[PDB]
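Listed next as structure tokens is one chain, alone, in the form deposited in one PDB entry.
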């Protein structure tokens, strides 16, 4: 018989004794030793002195610590995170032209688009400790934990291609601004009346449905609660940066009089099959195409853009 440790946060442990007549799964549950799923083996000796990592069948105190560390999560979040964290150990962050990027492997080009876009967002942090922990860790040269986390939260499967925008906004939904930003919408209906709506924080910096600032400021039209025509228009907006996102749209990106945006992401291929993501920025007077480990620095591109990042905002409707 052996005696091992059990943790879920890497801080609080509990001593557990398991018999060699039944496996970990039937005695203790899903566990990871040295970054490997040993939850179907028989207790040995090198683990009879070190610690494990539980994933299911937690205690009331562990579940408590889980919520403090990981926030409200899926019942399988722990298992998937351990599995992914081990799987993405082989990945590496290169330094393509004074910018870092995720090297292409196991269909992770979509993750490259997300991270490289995240790295361009000023003054942001995360509510969830583990996420913020892994984030600051990422800023310093090791990004294994952070990558595995955002894959875990976005329910990304290792090796499978996925949506960059979808993951980016799922991540930002768990982030907050370390500064201030406001967004004022004027809604009006000829029957019900004029109503101003104010948005403040990170939510004021992101919008899905448009890709040009002009379209964001254009009068929008939808249905009021009464059934009649309702309208909406941005009349005040101040942010450190503006992230616009929409369906892949084929634009003629030219650096001849470079447009307002600083960076943008591109979806290549057909959107019904499996395509390819390329992160692009604007350095100097030329375009920089970052292809998950590569740096093409041509000055013109006819491509299908997805996410478009703009600088700080300052707008009033006169």
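In this text, rigid core is short for the largest set of C-alphas that superpose within 1.5 Å between two forms. Positions refer to the first chain, counted from 1.
There is another form of this protein, the form deposited in another entry, and it is not shown here; the text below is about that form.
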Q: Give the option from 220, 87, 118, 208 whose C-alpha shifts by 2 Å or more between this form and the one not shown; the alignment is on the rigid core.
A: 220
Q. Core-aligned, is the CA shift for residue 189 between this form and the one not shown 2 angstroms or more?
A. yes
Q: Classify residue 229 as shifted (yes) or not shifted (no) between this form and the one not shown, where shifted means its C-alpha moves by 2 Å or more with the rigid core superposed.
A: yes
